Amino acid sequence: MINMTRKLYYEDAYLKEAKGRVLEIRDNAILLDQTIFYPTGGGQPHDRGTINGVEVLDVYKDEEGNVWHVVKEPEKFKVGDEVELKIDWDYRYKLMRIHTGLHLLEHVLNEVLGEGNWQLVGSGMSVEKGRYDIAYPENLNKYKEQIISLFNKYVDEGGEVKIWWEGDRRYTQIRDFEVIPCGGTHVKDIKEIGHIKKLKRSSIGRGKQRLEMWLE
């Protein structure tokens, strides 16, 4: 079935610039059939950049999961032909390190707090920091330092972050750690993440704690 806008970022291979035919249009929407521009959802913001040197402001998906690229100059595009794609690599790559960071934080937390003794409740990330909302009885702070040293240690050692599909479902995994059902864009190796720049703990309420992490 090709009625689904083929995606390239899932195959990323870190490809920065892309080129693919063009499909229908809306007010600002620009349905396509090729793209390196990651839509949204899963806590990983829509990376950005330029499509034909044009300004991309929003990038999401439709019910059938069709990537629409909300641009600034919609009055410079037809309705069928072909175009070039350019994405803010850095803003992208610095998101992968972050997103891949969170998965590692998941394992690390398992090791330190004990797999089972805590519950992930919320997630998501900004362009600079990442957030992991959790539900754990003890005031996390008493683990700040043990967590960071462990996060980093794994980093240095590095490890392959393999990814795959099992039909219409995509799974990911770091080394021999947790196998996660995430749907974002990850680095190929965690050594490509970097040590923690800062790990702030805060109480979000209802007894839920929030780990915000920053990378060097």
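One rule holds for the numbers: they count along the sequence shown, beginning at 1.
Between 75 to 83 and 141 to 149, it is 75 to 83 that carries the larger average Cα temperature factor according to the deposited entry. In this entry, 60 to 68 shows the higher mean Cα temperature factor of the pair 186 to 194 and 60 to 68.
Among the modelled residues of its chain, residue 115 has a C-alpha B-factor that falls in the lowest third, as given in the PDB entry. Among the modelled residues of its chain, residue 33 has a C-alpha B-factor that falls in the highest third, as given in the PDB entry. Among the modelled residues of its chain, residue 155 has a C-alpha B-factor that falls in the middle third according to the deposited record.
Remark: residue 215 belongs to the middle third of its chain, ranked by C-alpha B-factor as recorded.
Residue-level temperature factors show residue 27 in the highest third of its chain, judged at the C-alpha atom.
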